[PDB]
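What follows is one chain in structure tokens, specifically the form deposited in one PDB entry.
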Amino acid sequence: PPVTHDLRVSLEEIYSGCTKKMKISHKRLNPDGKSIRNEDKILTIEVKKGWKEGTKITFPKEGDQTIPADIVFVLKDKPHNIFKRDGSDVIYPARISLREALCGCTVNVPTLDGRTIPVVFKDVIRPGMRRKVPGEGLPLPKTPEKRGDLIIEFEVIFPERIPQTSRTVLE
């Protein structure tokens, strides 16, 4: 009769990999065969770079005291407030103005390392369009050596309203 527990991991944590120690509380029958203990246990866990979230981590019979469940942790992606994980890829929503989308603009794409990258656009940018940024993603598990890509996904914000005059011009 195992037990499941979610393991929250920041996107940067998955980028470089991290040590996460979890505090649990189980039961121990103690020198009686009647009384039960409270005692806890700090289970340490190594999260290897870019682990497809969802990967399971088991701790043998860490459960209670009659046989004790196998306490398992399921890796889960903490929603990040800048990127959307997509496997080894990390999507980056670019909120651009209609003017920018038409007359060209520059996008300072932020990196996991914590740096920025300038990417220029001359041609008309279509809503939905996306520019891939090679290797700016997450390291691939099988080959932590190489990393996935960063994907720019543009959102064109339109103006709220258009003056009676602007209409004329817009032809």
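Superpose the two forms; the largest set of C-alphas matching within 1.5 Å is the rigid core. A residue's number is simply how far along the shown sequence it sits, counting from 1.
If you look for the form solved in complex with a partner chain, you will not find it shown, but the lines that follow are about it.
In the bound PDB entry, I57 approaches the partner chain with a heavy atom inside 4.5 Å.
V90 falls outside the set of residues with a heavy atom inside 4.5 Å of the partner chain in the bound PDB entry. Remark: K142 counts among the residues lining the partner chain in the bound PDB entry, judged by a heavy atom distance of 4.5 Å or less. Within this chain, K20 lines the site of the partner chain in the bound PDB entry, having a heavy atom no more than 4.5 Å away.
Scanning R37, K52, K146, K132 against the partner chain in the bound PDB entry with a 4.5 Å heavy atom cut-off leaves one residue, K52. Taking the core as reference between the shown form and the other one, the lone member of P118, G114, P31, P134 whose Cα moves by 2 Å or more is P31.
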